[PDB]
Amino acid sequence: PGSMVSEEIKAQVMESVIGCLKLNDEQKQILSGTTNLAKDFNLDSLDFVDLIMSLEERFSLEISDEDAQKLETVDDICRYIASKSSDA
């Protein structure tokens, strides 16, 4: 359901999120790129912070307060991070 997206970063964002909120076999089996990990998993404002900060420092990306305002779903996030990178 998405190839144009940065498959390289996709593994990093997903790998960080999984361990960020510690997902189980079920959550990992019921996860998807078009699934708001914030609403679906009902992540806490604290977790989200560590998430954006983790990926931000990871790819040394420059994320703002409003930028994240439109980044809740995996696809959306990965897309925003990919658009900043070079890898297709």
# chains A, B, ... in the order shown; residues from 1 in each chain; ligands from 1

call {"tool": "residues_around", "arguments": {"residues": "segment 65-75 of chain A", "least_positions_apart": "4", "cutoff": "6 Å", "atoms": "only C-alpha atoms", "output": "CSV table (one decimal) with C-alpha atoms, in the first residue's frame"}}
result
chain,number,residue,atom,x,y,z
A,33,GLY,CA,1.0,2.6,7.3
A,34,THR,CA,-2.4,4.3,7.2
A,35,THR,CA,-3.0,3.8,10.9
A,36,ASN,CA,-2.7,6.8,13.2
A,79,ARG,CA,6.4,11.0,3.8

call {"tool": "closest_residue", "arguments": {"among": "A:26, A:54, A:7, A:1", "to": "residue 78 of chain A", "atoms": "only C-alpha atoms"}}
result
A:7

call {"tool": "atom_distance", "arguments": {"atom1": "atom CA of residue 21 of chain A", "atom2": "atom CA of residue 46 of chain A"}}
result
10.3 Å

call {"tool": "residues_around", "arguments": {"residues": "residue 9 of chain A", "least_positions_apart": "4", "cutoff": "9 Å", "atoms": "only C-alpha atoms", "output": "list in words"}}
result
residues 5, 13, 14, 59, 78, 81, 82, 85 and 87 of chain A

call {"tool": "atom_distance", "arguments": {"atom1": "atom CA of residue 19 of chain A", "atom2": "atom CA of residue 55 of chain A"}}
result
12.3 Å

call {"tool": "select_by_dssp", "arguments": {"residues": "chain A", "states": "alpha helix (DSSP H)", "output": "PyMOL selection string"}}
result
chain A and resi 7-21+25-29+45-58+65-69+74-84

call {"tool": "closest_residue", "arguments": {"among": "A:22, A:84, A:10, A:58", "to": "residue 41 of chain A", "atoms": "only C-alpha atoms"}}
result
A:22

call {"tool": "atom_distance", "arguments": {"atom1": "atom CA of residue 25 of chain A", "atom2": "atom CA of residue 3 of chain A"}}
result
24.1 Å

call {"tool": "closest_residue", "arguments": {"among": "A:30, A:4, A:20, A:77", "to": "residue 50 of chain A", "atoms": "only C-alpha atoms"}}
result
A:20

call {"tool": "closest_residue", "arguments": {"among": "A:11, A:88, A:38, A:23", "to": "residue 51 of chain A", "atoms": "only C-alpha atoms"}}
result
A:38
